[PDB]
Structures are given as C-alpha cells and as structure tokens.
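Chemist: Residue numbers (the deposited numbering), protein chains in the order written: chain A, 47 to 101; chain B, 554 to 696; chain C, 379 to 508; chain D, 10 to 192, 216 to 305, 316 to 350; chain E, 34 to 406; chain F, 3 to 156; chain G, 346 to 414; chain H, 413 to 576; chain I, 144 to 343.
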Amino acid sequence: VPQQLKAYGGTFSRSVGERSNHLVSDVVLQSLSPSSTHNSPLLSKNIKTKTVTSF
Amino acid sequence: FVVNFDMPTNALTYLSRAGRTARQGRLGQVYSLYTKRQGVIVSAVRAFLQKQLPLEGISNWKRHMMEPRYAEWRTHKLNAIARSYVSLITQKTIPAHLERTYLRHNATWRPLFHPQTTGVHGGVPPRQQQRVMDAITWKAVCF
Amino acid sequence: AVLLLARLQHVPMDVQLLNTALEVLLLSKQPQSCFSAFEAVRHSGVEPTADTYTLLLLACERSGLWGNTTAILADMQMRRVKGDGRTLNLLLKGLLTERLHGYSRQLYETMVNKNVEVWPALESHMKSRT
Amino acid sequence: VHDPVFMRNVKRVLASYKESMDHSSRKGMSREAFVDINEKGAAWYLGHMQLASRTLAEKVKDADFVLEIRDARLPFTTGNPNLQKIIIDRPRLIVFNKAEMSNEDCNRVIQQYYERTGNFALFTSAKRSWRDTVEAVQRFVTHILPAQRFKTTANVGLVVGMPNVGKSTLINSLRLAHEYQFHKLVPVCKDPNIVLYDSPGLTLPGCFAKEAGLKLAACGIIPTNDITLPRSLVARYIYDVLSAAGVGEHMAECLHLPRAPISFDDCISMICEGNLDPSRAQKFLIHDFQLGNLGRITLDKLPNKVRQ
Amino acid sequence: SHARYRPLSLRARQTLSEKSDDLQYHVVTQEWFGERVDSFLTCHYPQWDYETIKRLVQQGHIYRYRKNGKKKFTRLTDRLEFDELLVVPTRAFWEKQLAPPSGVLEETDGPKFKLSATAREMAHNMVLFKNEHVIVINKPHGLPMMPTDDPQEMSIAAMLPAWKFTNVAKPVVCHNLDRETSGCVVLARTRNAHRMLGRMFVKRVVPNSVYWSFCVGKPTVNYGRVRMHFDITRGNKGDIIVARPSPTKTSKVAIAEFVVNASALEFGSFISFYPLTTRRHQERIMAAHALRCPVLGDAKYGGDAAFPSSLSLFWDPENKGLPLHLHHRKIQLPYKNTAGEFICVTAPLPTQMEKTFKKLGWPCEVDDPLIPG
Amino acid sequence: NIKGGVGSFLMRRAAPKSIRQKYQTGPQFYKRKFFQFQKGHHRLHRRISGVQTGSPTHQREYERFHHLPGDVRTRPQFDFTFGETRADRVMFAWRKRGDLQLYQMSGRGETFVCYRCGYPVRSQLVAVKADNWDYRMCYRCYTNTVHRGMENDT
Amino acid sequence: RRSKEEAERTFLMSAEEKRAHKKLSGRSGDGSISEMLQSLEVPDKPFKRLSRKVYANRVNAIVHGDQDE
Amino acid sequence: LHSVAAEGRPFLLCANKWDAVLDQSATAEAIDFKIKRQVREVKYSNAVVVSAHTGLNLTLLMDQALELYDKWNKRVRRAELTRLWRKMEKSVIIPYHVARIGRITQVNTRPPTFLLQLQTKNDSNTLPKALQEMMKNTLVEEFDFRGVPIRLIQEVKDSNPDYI
Amino acid sequence: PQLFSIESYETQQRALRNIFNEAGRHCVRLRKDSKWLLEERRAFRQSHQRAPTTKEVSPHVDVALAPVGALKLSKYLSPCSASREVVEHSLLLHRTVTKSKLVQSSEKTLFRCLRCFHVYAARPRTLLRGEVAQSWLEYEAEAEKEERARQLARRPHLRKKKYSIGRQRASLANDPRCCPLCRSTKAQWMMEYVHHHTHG
RNA sequence: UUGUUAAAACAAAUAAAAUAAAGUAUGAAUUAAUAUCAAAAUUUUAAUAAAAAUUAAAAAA
RNA sequence: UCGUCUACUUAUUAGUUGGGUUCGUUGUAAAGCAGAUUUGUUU
Ligand SMILES: [Mg+2]
Ligand SMILES: [Zn+2]
Ligand SMILES: [Zn+2]
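#1: Quickly, what does DSSP pair B/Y584 with across the bridge? List them, please.
#2: Determine the DSSP secondary structure at F/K33, reduced to helix, strand or coil.
#3: Would a C-beta distance cut-off of 9 Å place C/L473 and C/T432 closer than the cut-off?
#4: With DSSP run on the structure shown, which of helix, strand or coil describes I/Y282?
#5: For a contact meaning CB atoms closer than 9 Å, what does F/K35 contact in chain B?
#6: Below 8 Å CB to CB, which residues in the same chain sit around E/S284 once its five sequence neighbours on both sides are set aside?
#7: Which residues does DSSP list as the beta-bridge partners of F/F94?
#8: For E/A125, which option in E/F303, E/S53 and E/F234 has the closest C-alpha, if you only look at C-alpha atoms?
#9: Measuring only the C-alpha atoms, how far is H/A511 from H/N537?
#10: Quick check: the Cα distance between E/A221 and E/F162, rounded to an integer number of angstroms?
#11: Please list the terminal residues of the continuous beta strand (DSSP E) segment that includes B/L631.
#12: Please name the residues in the segment 269-300 of chain D whose beta-carbon is closer than 8 Å to at least one beta-carbon of chain I, in chain order.
#13: Residues of the segment 12-32 of chain D in Cβ contact with chain I at a cutoff of 9 Å, in chain order, please.
#14: Taking Cβ positions only, does B/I611 come closer than 9 Å to chain A?
#15: Which residues, taken in chain order from the segment 9-23 of chain F, show a beta carbon closer than 9 Å to some beta carbon of chain B?
#16: For D/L217, which residues does DSSP report across the bridge?
#17: Indicate whether at least one CB of chain D lies closer than 9 Å to the CB of G/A365.
#18: Where does H/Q529 sit, in a helix, a strand or coil, going by DSSP?
#19: Do you know offhand how far E/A332's Cα is from E/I304's?
#20: Exposed or buried, what is E/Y38 when buried is set at 16 or more other beta-carbons lying within 10 Å of its beta-carbon?
#21: Please work out which residues of its chain come closer than 6 Å, Cβ to Cβ, to E/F247, disregarding the five sequence neighbours upstream and downstream, and give them in chain order.
#22: Expressed to the nearest angstrom, what Euclidean distance is found between the alpha-carbon atoms of A/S86 and A/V62?
#23: To which residues of the same chain is F/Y121 closer than 8 Å at the C-beta, ignoring the five residues directly before and after it?
#24: Taking only heavy atoms of ligand 2 into account, decide whether any of them is closer than 8 Å to the Cβ of F/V123.
#25: Does F/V115 get closer than 9 Å to chain B when you measure Cβ to Cβ?
#26: Would you call the CB atoms of C/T447 and C/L478 closer than 9 Å?
#27: Do C/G442 and D/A135 count as a contact pair if the criterion is CB distance below 9 Å?
#28: Please return the same chain residues whose Cβ sits closer than 8 Å to the Cβ of C/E476, not counting the five positions on each side in sequence.
#29: Run the proximity test for E/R260: is its beta-carbon closer than 8 Å to any non-hydrogen atom belonging to ligand 2?
#30: Please state whether DSSP places H/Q566 in a helix, a strand or coil.
#31: Take H/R515 and list the residues in its own chain whose beta-carbon comes closer than 7 Å to its own, dropping the five residues that flank it on each side.
#32: Beta carbon of F/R118: closer than 8 Å to some heavy atom of ligand 2?
#33: Determine the chain H residues that contact D/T161 at a beta-carbon separation under 8 Å, and present them in chain order.
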C-alpha cells in the first residue's frame, strides 16, 4: 500500500542563496529586487537615482 | 529586424542580440527560430515578456524552472492560503461543527518536515506516517 | 424476451437455445448483438446449423453492415456443414450486394447444379447482369 | 475492492436514484420536445424557428445541397417555414418517411409540385433500409449537382429534420456503418465524395400551437402525457378529421363497429363495447392511427398556391 | 462620440500613458511644499469633484514624477515634495482609445419626463420600505423595468424622479427584473450606496432572494439544486437560449435551490427558488426544463403546458392572460435594524396570485424561514 | 506541440492586475495579492485584542481596548447590554463619524475582512461603513482613516 | 449511467452524486466496479444504529463467538 | 526515404536485381504494401523495378525522375489555393481546437513551400502535427505533388507598430 | 362543417367551471387556529407594513362543498361514457382542494377512518398534517418543537407537570391523530363523505 | 404504509402489545504520563487549546 | 446589474392574393468578466 499521507510530493531546489546558484555568472543574470540588493556587496551600498533635466 | 537562427541558451545572449536592432526608440523586431531542444527557455521567455518581467534567472534546464526554493514556495503558499481564507469569509457561511475542518484545510499554514528531503517522506514526519500506516494495514488485512 | 434472456443464467448450451437467442437479438433494437454472440460462441460450444446461419444473414440484412458476408461463407466451409436453400439464397444476395463477382458466379453455378430455386428478384438481377 | 466508505456512498446514491425513479408518473413538460442530441452532447434549444432565418441562410449558402427529412402524414408543418418562404438556390432532396400511411393522391400532388419547383421528393417505407435511400441520394447528387472543381473536395448536404422523423437514426446508422467499414459530419460514400452536415437547433421546432401539437401527437412526433395534453384533445381532432372526410361506414369497417357512429361519445362507447374503459379505448384508437391500419390519411392541408 | 474606447490591459494602458502628450506637469514651488495631493488637486481644479479626484489618484492617472526617471504613484493622504512634478491628464487625453473614469467627463441628463399626480400616488403605493440608503418598491405584474423598443410605452426607469422624497437626484435601480416578474425592486439613493450594494447581486454561494412560483405538475424531489449552462445568441427577431448540462467556453452557469412547499394533486405545485446566479429567464427556464414542470402562465416557454386542462377548472384556458406566477417574495439587505437581525423585506403577492392561492386553499401570507433576517 | 515547463512561482511578480492592487494606492476591496503576517502565526489573520482585569461591575467591556489609541478611550454612546440581547451580540456603538461607526461584539472575536487593508481580522471592534454590514474595517484602519480625515470619503 | 438517465436527474444532480459518478467513471486499480455492483446486488438486510457501549459489547461477544453479526 | 524527405528532394524507389527474383508479381505487391504503410508524405512516391545486368526498363526510371524535377519547380497560382482550403475546411473533421487559416499562398519552390497565415496573435496556437499531415495530404494528390516533399510555414498575425 | 367534437369538449369543460363556481356560495364556517391566526397577523404586518384587516385575514375558513349536480353527474354517467373522465378529474381536484382548506381549521370536526371505519371527532390540522404535505405546516411543527425545548431546558422540573402520563394521555384524546380502534392515520372528512353518499 | 394481480391473496419494512436473554457463582481483553484533575462563563497567547489570565463556585455512590 | 422585440413593409380590395425584411435605463474604465465553492472518524 502506498503512503497515504503526504504534504508535498515534489522536491524543492538546492539553491540556498538565490535562484540558479549553480550556473556561471556569464549565463544567468543577477536579480535586482530589494531583497537581493541589500545582500550583494555592490548593490547594498550607495546608489544614485537623481537626474538632471537639461544639458 | 534581427533573425536569431538558433535560440540562445541564456537570457544574456538573447538581450545582447535583441539590443542591436532597436536603438533609442526605433522600431525593431526579433525572429528567434526554435526547436524541441530550446522548448524550455522559449516557454519562460515568452511568458516573461508578455507579463513584462525582467529576464532574471532564466535557464534551459527544465528541472531548474519547475522546482522552486523552500522559502520562495513558503511565501507563495502563504499568500495562496490567505486568498482562499478571504474568499471563504466573504462568500460563505460555515456551520459550527465544520469550523475546525474549514480552517484546517483553507486557512492555516502547516510547516513541512525537513523540506530538504521532502522527496522521500513527502514532507510529513515519518513517525506520524508510521502510526498512520499501522491504521491502514490493520484494517486492510482485516478486510 | 430480451429482459428474460438477460436474466437467464446457468443453463446448458444447445443449438435450439442458441438460435432462439439469435432470433431475440435479431428482433431486438441492436441487430449486431446476435452477431457478437455468434462470434462469442464461434470459439467453442454447439455447432451452428443452417437455421442459425439464416438468422445471422437476416440480422445482417436488417442492420446493413455486411462486412463479414464472406466470413460467414468461410466459416460454413471450415465447419463443413451444408446450408439450406434459403441460406444459400441469402448468401447469394449478400455477395451480390458486396459485388464479389467471382464468388457470386461460383455460388450461382453450384446452385443451378444442385437445382435449388432462388429468389425471383435475384434471378432477374443475375439474368440482367449476364 | 475500493474504499468501504465509497462503497457505502455509491450504495446510498444508487438507492436514492431507485427511490426517485420508482415513481411511474411522468412530468408534464415533454423533455423530448426540447432535447436534441449532437456530437458535443445533449442540447436544449429555446425559441421558435423564425428568429433563426439568417443563421439558416448562412449555412444553406455554405452547404452544397439541402437534404430535408419530413413525415409523409403532415409534410408542411414539419420542417422550416423560412425554407418555404424564401427560395433556396441549392437543390433540395426531401425524404418523406412513413409514406405507407399518407394519401397516395396527396403524395403524388406534393411530389409533382416539388418537381415543378425543382426539388426531388423521395418516399421511404419501413421495409426499405437506409442503404437504398443513401444510394438514391448519391444518384441525385451525381445527376443534378455539377462536378466539383478540385478532386479532393466533397459536396456537403445540410440535413434539416426533427429527431423524431428519423434524422438522428439515419445519422447514427451512417456513422456506425462508416466506423465498421473503417474498422460533426458524416461521410456516406467516399467514391463520389458526399458528406452531410447536421443542424440540431434549426430543425428543433420547440414551442407549438394547439392544433400543431394535436397534429404532432396524432402523427406520433410529439409525446403525449396526461398532465400537459390529455388524449381527448387529440382523439377528438382525429375524429373531426375523419368526420370532415365523412367516411362513417369506413370508420365502422375499420373499427369493427356494428353501425356507423353519430358522435364522438358514440364512437367511444362503441369501441368500449374484449371490454375496456374509454381511456384505454381512446389510447387504442390513437395507437391504430399511429401504426397505420387507417391508410390514405393526410392531416396537413395544402395551400391554394401549392394546389394550383 | 468622437472617441471610441477599446479594451486595454495594464500593459497597454501604461504604454498609452507613456506615448501620450496631452499631459500637464505641475511643479511644486516653495508655496506648495508639503501640501497633500488631494488638497493640491482640489485647490487647482475647482470643476473636478472630490470623488473624481479620488478615483483618478487611486487608479493612477494622476501620478507624480520625483526626477528619479520613474513615475511614483501616491494616494490621497500622501504629502508632496519640492522640485518634483505632478502629472495630470488634460481634456484631450481622453480622446484616444483610452476609456476615462466616470467623474472626469460631464454626463448630460437631457430630456426629462413629467409625471402626473396619479402616477406619483401609484409610486408612493408601490413603495414598501424607505431608508436613508435604500428604497424597496413592489413592482406590479406586466410592467417594463427598462424602456423597451416602443418609446411610447411606460416603464419603471422613467418613474425615478417621483421617488426622491428629499434627495438631490433620482434613485438608481440596483437590479433589473423581467417584465412578467411581479416581485420587489431595490433602488439605491446614494451614488455611493449603489456602488456598495452592487456587490450583492453578483454570482454568490449563499442565496439571499426568494422566488415564489406555481408550476404545473409536481417534480420528483421536494428539495433540490438546479444547475444548467446557458448560451445566448443573437437572432433575427430576438435571442436564442441553449441549455446544456455540460460546461462550455462560452456558457454561463445558472444555479438555484428549489424547495417544493406544497403539491396540488400532482397537477400543480407551489415552489420556492433561491438563486445563486443572475441569468435571463433563469428560474423560468429552470422550472420549465430541469424540473420538467412549467410555471403556470409561462407562454413563452412551454405555452401548451402553461395553461393546463387540470387547472382549467379555475381559469379559462382560452384567455391565456393570467399573470405569470413569478414573485420575488423576500430579499435580504446588509442593513440591520435596532434588534440586530438583518433587514429582510417581503413583498405581498398580487391579487391574482392571492386569488389562485385562495382557490387552492394555500395561505397567501407566510414567512420564509429558509432566508433568515 | 512543443511542451515547455515554467513554474508559477516565477510569474507571481505580475500577480496584481491594476495599480491599486500593485502599488497600494487605495483600499483593496477584497482584492489583495500579497500579505504580511508576523512570523510564527499559523492561522492567517491579524489580531486586535484586549485585556480583562476585572468584573464588568468595575471594568466595563469597552475598557478592554483601553491600551489601543483612538475612540475606545472614550465612553460609548449606545448601550445595548441591558434589556434584550442583540442577535449579533453587539454591546456598544460609538458616535457615527462621517460614514463610519464603531461596534464592539461579544463572545470570541468574529473574524471579518477589512476592505481597507484587505486582511482577515479577528477582533471585537468593527467599523461599519454607512450602515452597510458587508464593508467592515479593523480598528487600526479605522483610527488611521480618521487621523487622515478620510472617514467621510472612505 | 442509464439508471441515472431513467431517474431523469440530469439537471438535478448534487455534489455527492457528481463525485460518485466521477470516481466510478475513473478507471480504478485493484477495485472493479463490475464486482462491486455484483456485491451491491445482494438484498441483505442492513444494521441498525446502536450505542457505543452496546456496540462494544456486541463486538466483544462476536470475538468470543457467542453472538451473530 | 525519411532522411531524403527531410532534406526536400524528390525521391524515387528502385528495386535493383529484378531479374534474379523468382516471382515477379509477389515482390511487386510487397513493395506496394510497404509503400502505402509509409507516412509523412514518403508514401506518395513510386517504385520502379530495374535490373542492371539485363537492362530492364531503365529508360522508364529516367523518365519518372525527369517528371519529379518538373513538379519540384511547379508554380501553383494563389487563387486556386484559397478555393481549395475554403471548401476543405468544411469537408474535413477537425476535433482539435485550432485557429482559422486566413490565406494560403506558396512562397518558395524546389521544394514547393506554402504559407499558412493564422488569425490569432498567440505563438502557441500553432497547428498540431495531425493537421499539418492533413494539409500535406491534400496538396500532393490534388496538385499532383506525388513523390515531392512539401514544407509548411505557419505565420502568426503580426500587430501594427503604431496601433492607431 | 366545423369543430363539433372539439367545441363539445370545450363546452362541457366550461360547464364544470361554472357549476363549481356556483357551489362556492354553499360554505361551512370554520374558525382558524389560535396560534395559526396570530401567524397570519404577524406575516401580514411585515408584508404590507400595515395593521391586519379583519376582512383580509379571514379568521373563518370558507370551505366549499362539491356541487350537488356533479355528484349525481358522475353517478348516472356510465363508465363507458367519455365525458365521465373529464368530470371525475374535476371532482378529484376539488376533493383535494377541500383538504387544503380543511387543514387550516382547528375546531372539532367529524373524521372517520377508512381502515376499521370508525367515526370520531378530531381537529383537522393535527390529523391531516401528514397527508397534506405543506412545508409551512412542516416548518411550524419544527418551530413548536423548539419552542417546547426552550421551556423545558430552562426548567427541567417544568416537564414533570406539563409532560406526564396523565397529561400525555389527555392530550392524545384531545387531538386524535389516529383512530382509537385501529390506530390508523388514514382519515376522511365525514361532512364530505355524507355529502357524497346522500347525493350519489 | 407501499407495490403486484383479480372482481381477496402475495412481498417489503418499521412504530404499539407479547415472548425472552439473572440481583447467583466463574471470570478475561482493548486502554493506561499524571496531581484525592482544572463544575462553568469571559478574555487572550504561534493551528481543537482541556496553555495562561479574570469572574464564578463546582458534593458522594 | 434576471429588460424588450414570431410582425412590419409594398401593392390589392372587402376576409382574399403575389414581393422585401431591434431598441434601450444604470454602474464601471476596475472594486468587472470560465468553472467549483463541499467536509459531522458520521451507522
Ligand atoms: Mg465568476
Ligand atoms: Zn484594515
Ligand atoms: Zn379506525
């Protein structure tokens, strides 16, 4: 008799940090969501967004 | 217009090819011929473009696109339970004796047991699965 | 009669019961059911006779499939059971409908040799074809 | 064996079905008069047949020919009024089923009028199989319809007829024949490339007037139930038609009556005089009119223009 | 009608808002530093209603640009900022294939109808339950809810100006009813009350309406749940309704719960419907085909079995003008009374249905415990 | 013909369909995509609760939420606790501020959905909009609506 | 299906009936709907509702072998 | 034959060593039955029996190969294509939910390819292989493309860059 | 000619409509139940938003007897007469309508059973409750059972005085839901029976 | 009470009366974390909460 | 948001005879649109 009680049949991924923690940096791009920026060394630091209207 | 004679296996090459044709608001077009091998990535990119999402984390490996992380599935499952909880309160009246059963199947968050090895024990603690199995077999061989 | 036959159970098999059930299923709503029963009993059981073959051919005439018109003749030949005049006439009619020229001519020749009467419409059709 | 709770559940639902279907009383509304089976499933159409004129025209324009199926007892009332109103450019082949019961004179009159107009009337009896009918239809196609341009294409016939007349039975017979030969449409003969296209709702009449229902129940098309339509309304109309014919001695000779009846009550009492109550006596009279021991009967009238 | 609006997804609406040029970019000088968005807009545009400004701001047609390259969407309670722009659409912005909200445009009432004192008395008699938010009236039999093809024929939609006892504008009917239906009709006084009550009449799971009907014949079960899928198609003179048991991509489901209250010798029966959907002739067609027993007087659906020889004892089958036994008996409201129970209003049966129930011996005025309140 | 697989967890970013649902510009009328509950709660509904430190002879029922800021710190106007009991078991009702009026239930908190925040809220405090009991508000959204001065508009 | 159609509850089916029809139309595994219907065709008498203590005493007596089912 | 059909070249079977066989009519029927068993437009070719030592009807094989090249470059008009598919959309039975084909116009020859313009704008609404097989089934017997492979190009409707 | 046989069927049906509307003036006043009357006064105030009218609530049930002509009509009509079915069905319908108006009364009335043929005085509402099959009569029965449970659950000793064997046996004799001789629930209105016998 | 047949018979099924199936000795097994176990109502804390707090007072076989 | 529409028209005469064939109130520009919305370890 198969196991009747089950919570999740499939299997979760193995990437703990972010999506596609196995690919090389030349194949997959890095995420830019605020949840992933504050963890990266470059994105968590200062970022300027103010613009200038004319030359 | 750019004609990708073969679908690139990664989003990095696709956007780099796509960038050349359209420059500074100029009208452009991309024709990417694909076969059965690039069927996975062409299915995600086509969906990523229709909903206007950034091509971040796109791969050709099918198991990579269908299997999510535990915490990411944790966030999505918590929202799916709430959306059913809102529709249950808004458009339904449940009796008193069914109040425990409705909230147990459509309104409560039930954590999994070791989601790392969830493919073996199904997410339910096997010490429970052993007690449940003793209830099935005792009434199966009795039948 | 169909209901009573469906209720029937645990009764020995005989050619009389076989042809009676064939008549029942022929006059029933589905003429193909008697053909199915004949194909079921074809493996084993009592041997069918010329009356049963006439019933099968009448059912085929009523329904209109006629896909096994030559199969019935092949079964009769391999069973090595002679057929009656009405059986051979219905087989002639089936072959003429299925435009099997060689088999129809052979059966007509052997019928004229046996000196067994045929249907007037079939005889007129044969004389008009010749 | 599956789950015992499921066994108990199916037992309970089967018992409920049994206790629901035990009642022999039949509901008033004739479910058959509105249900119409097709390839997608059982469908219920609502409304008359006049508001679907353009929906019928757009399909008769696409179909090659118009194969209609009517009943010989009452030709005109069974079909489509817009087909008779507006002339159809496509050739029409009208199969009158149950032709053994219709008036031979009226049959020859209606077939003469159809030949004058351009249509082809084919009268089919119960002893005749559908194979001769479809063969004659193929012969009509190869005689009247011009040759198709491309060899692979096929000529399409739009079938117009109620499911009680025999359209659905013909469709099922052709379907099973084709399936057995090979093992939304229906192919009949692949050598001349003839196919048929059915339209359920355009042929389903739906609602009907009182006299229309009387004629349909007398012909056997529409069902008869005690709640919606007593046997009196139809049997008195049958007797009134017989009296307009005036064949009282003929009624007596048919019903084995001692003398010629005078009124409907007299007819009922004389049929009652085997012994049986007036209800079953009227039922047997209607059954006689259905089976057709009374022959040469035409309930549908013929307009002056069709008689000219 | 110089601009024909078209369906637009969120992506297309954003693309059109980016492509358009009929915008006005208000700067925020030192004088308007720190003012709320709603106050700013209500001080700048005196002709725009406050509800219109609310709808614009909360839908996003009036956003602000903080010089950061991207546009920023704010609510009414948000404060402004120095050096940033506030983008407001102009009149010509709504002339493209983009549908504007309701309040931004001007809707002209045009010609109005003048009612007589007799019609006003009849409307005041039809009024059943009066409230500062909702007005319940008893619609008579054979009255058109909305103006039909004949413009000279009377209708309820033009009797609205006679019901506003103190409001500044006429009430708005919440849900329309069939011409033959003799039930209760609900009107909303407040323009906001109509929007708030419009949610109740969408497809639901729990019923809140009662339909009393008298069908010809007795169905098999005393209580049951009717369900069928409708397809409405345009025809030459009218519409064609196709009923299926199975779903379809174009089909719209219709569900009701019917209970047989009494049976008159299996030739006539009194039943109560509680619907869950809103479809044209829904309960009528349900009783006609599903229950296989048409309601007394539904000539349009099974006219032969509508007037039966069984009930011919009471009514003349040759007239065929008896009122269709279709009455919206009881309907609930979200408003509560002083007792705490929801207000469920009940409409009295027409005199013809009362005569029918008296001839049949059934009580005409009975409460319905299935729908509480 | 080509069968490509993509998980739904990637397309959840475009779950909202309008600006009000995505940028939270107004009240979500039972249409909210993403929620935020405190970590550890299994029953997904925000909780507005009160304390009980005495008998009703000394501590009134409307003094349970005395710790929460707003209208509860004042005396209610209507007292339905005496005489016959209401069907919905409402014990107090505060002054009708604009289009919103507050009500305190009895017994365990009836979980409802606030149309402003979109969350299921289990509390005794409920704010009814214009006497229409289909659109309710949690006390937190009620206090914020009043402080912003949106009680007449929302 | 023919029994259902004869009952004429096509438009009046409910949740339990629809679920039963679904689970019987679905091709089962170890089970067999033919044998299940043959076993259902038995006209045997049903059991009446009893109390918990009375039913436990019944079970104990049956285990001992002194009382019938 | 499947590999040659995938390239786009008209092929033709040849039964070499035809004089060494024992029965001439037995082998000719085994090949014909093997031919009709083929699928995907391979079946629509012919089989020529040839002997290289005796020299049996070698000129007939060289004549059929010349006819295949003429049909390989055959030019079909456009209006004839629309009338064929308009009447074919009705006569065939399509159980699959597919979008209506707007126009049919052959674009390139040798091999002759056809353009099938769809009405919808979605990319996943391509016709199944069963519908492509039926489309290739009629083009060969109606327009005498026997033994000639045919490609198909399903063009989805493209939107306008200005959108009006 | 014309539709002689059709008009004859319509003429006879029109006669049945008139002779049954004539029998309406012969009525037997029956006072309604005390609890049921207050149920009509209550439902009327919520429906019409007005005080009930003594002429509309009709506290006296107006039951109509079968017309004297109809009973002697089907009597002298032979079973072979085709016009007997159309008048028999007209009487069966009025025989049930008389039951529908009878159940609304609660005064003592003669009711005979058909099993052992015993004549006894009963109240029509409680006796014909199981035959009439009316949901509002079903819902009031479920409503009164709760009303009794509310009084008994508030005071358990209240059951001792109200529900006793002396009280239970007395109430059964006051509302004889079954014949005291055969214990059968099947009954018949004696007034309709004696009306059918002395005319037939 | 229902259904079948005929101008009373048969089959189903329960609710009233009647019959039995100890108060004697013989005597197991399921179960078992536990205070001489928390009668109830209110409120609340991470999912039935029999977990906590506030009122209140819940006898024994 | 449960609306309405098996007759008009062209001739003909005094009921007869041949041709042709929808409108509209209100909300909303999303808070709107397929389908389901059921659970008693109950015997
Ligand atoms: Mg929906
Ligand atoms: Zn809130
Ligand atoms: Zn008695």
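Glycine is no exception: its CB is placed at the ideal position from the N, C-alpha and C atoms.
Modeler: For this structure:
#1: Here residue 584 of chain B corresponds to residue number 31 of the second sequence, with the count starting at 1. DSSP, once it has assigned bridges, lists B/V556 as partnering B/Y584.
#2: Numbered from its first residue, the sixth sequence carries residue 33 of chain F at position 31. DSSP places F/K33 in coil when its eight states are reduced to three.
#3: Here residue 473 of chain C refers to the residue found at position 95 when the third sequence is read from its first residue. Here residue 432 of chain C refers to the residue found at position 54 when the third sequence is read from its first residue. Not closer than 9 Å, so no.
#4: Taking the first residue of the ninth sequence as 1, we reach residue 282 of chain I at position 139. Correct three-state label for I/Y282: helix.
#5: Here residue 35 of chain F corresponds to residue number 33 of the sixth sequence, with the count starting at 1. Within chain B, the residues near F/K35 are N632 and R636.
#6: Numbered from its first residue, the fifth sequence carries residue 284 of chain E at position 251. The residues are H262, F263, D264 and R277.
#7: What you label residue 94 of chain F is simply residue 92 of the sixth sequence in a count that begins at 1. Answer is F/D81 and F/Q106.
#8: Reading the fifth sequence from its first residue, position 92 is the one you call residue 125 of chain E. The shortest Cα separation from E/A125 among E/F303, E/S53 and E/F234 belongs to E/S53.
#9: On the eighth sequence, residue 511 of chain H is found 99 positions in, with the first residue counted as 1. On the eighth sequence, residue 537 of chain H is found 125 positions in, with the first residue counted as 1. Each residue's alpha carbon lies about 7 Å from the other.
#10: Reading the fifth sequence from its first residue, position 188 is the one you call residue 221 of chain E. Reading the fifth sequence from its first residue, position 129 is the one you call residue 162 of chain E. Going by the C-alpha atoms only, they are around 12 Å apart.
#11: Position 78 of the second sequence, counted from the first residue, corresponds to residue 631 of chain B. Segment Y623 to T643 is the alpha helix (DSSP H) holding B/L631; no beta strand (DSSP E) there.
#12: From the segment 269-300 of chain D, only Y269, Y271, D272, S275, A276, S295, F296, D297 and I300 have a Cβ closer than 8 Å to chain I.
#13: So the list is empty, because no residue satisfies the distance condition.
#14: For the purposes of this step, residue 611 of chain B is taken as the residue at position 58 of the second sequence. With respect to chain A, the C-beta atom of B/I611 has a partner C-beta closer than 9 Å.
#15: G9, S10, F11, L12, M13, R14, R15, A16 and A17
#16: For the purposes of this step, residue 217 of chain D is taken as residue 185 along the fourth sequence, with counting starting at 1. Per DSSP, D/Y229.
#17: Translated into the one-based positions of the seventh sequence, residue 365 of chain G becomes position 20. Yes - at least one Cβ of chain D is within 9 Å of the one on G/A365.
#18: Within the eighth sequence, numbered from 1, the residue matching residue 529 of chain H stands at position 117. H/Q529: strand per DSSP, three-state reduction.
#19: Here residue 332 of chain E refers to the residue found at position 299 of the fifth sequence. Here residue 304 of chain E refers to the residue found at position 271 of the fifth sequence. About 19 Å.
#20: Taking the fifth sequence and counting its residues from 1, one reaches residue 38 of chain E at position 5. Classification of E/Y38: exposed, given that the 10 Å Cβ count is below 16.
#21: For the purposes of this step, residue 247 of chain E is taken as residue 214 along the fifth sequence, with counting starting at 1. Hits under 6 Å: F303, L329 and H358.
#22: Here residue 86 of chain A is taken as the residue at index 40 of the first sequence, counted from 1. Here residue 62 of chain A is taken as the residue at index 16 of the first sequence, counted from 1. Computed Cα separation, rounded: 15 Å.
#23: One-based indexing of the sixth sequence puts residue 121 of chain F at position 119. Contacts found: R34, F37, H47, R48, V115 and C140.
#24: In the sixth sequence, residue 123 of chain F corresponds to position 121, counting from 1. At a cut-off of 8 Å, the beta-carbon of F/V123 counts as near ligand 2: some heavy atom of the ligand is closer than that.
#25: Within the sixth sequence, residue 115 of chain F is the residue found at index 113, counting from 1. It does: the Cβ of F/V115 has a partner Cβ on chain B nearer than 9 Å.
#26: As a working note, residue 447 of chain C is residue 69 in the third sequence. As a working note, residue 478 of chain C is residue 100 in the third sequence. A contact, by the Cβ cut-off of 9 Å.
#27: Along the fourth sequence, one-based indexing puts residue 135 of chain D at 126. Along the third sequence, one-based indexing puts residue 442 of chain C at 64. It is not a contact, given that the beta carbons lie outside the stated cut-off.
#28: Translated into positions along the third sequence, residue 476 of chain C becomes position 98. Result list for C/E476: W444, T447 and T448, in chain order.
#29: Position 227 of the fifth sequence holds residue 260 of chain E. Answer for E/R260: no, Cβ out of range of ligand 2.
#30: Reading the eighth sequence from its first residue, position 154 is the one you call residue 566 of chain H. Of the three classes helix, strand and coil, the one that applies to H/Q566 here is strand, per DSSP.
#31: Sequence index remark: in the eighth sequence, residue 515 of chain H carries index 103 (1-based). Taken in chain order, the residues that qualify are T494 and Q529.
#32: As a working mapping, residue 118 of chain F is identified with position 116 in the sixth sequence. Yes; taking the cut-off as 8 Å, the Cβ of F/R118 has a heavy atom of ligand 2 nearer than that.
#33: The sequence position of residue 161 of chain D within the fourth sequence is 152, counting from 1. Think of a sphere of 8 Å around the beta carbon of D/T161: the chain H residues whose beta carbon falls inside it are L496, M500, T550, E553 and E554, in chain order.
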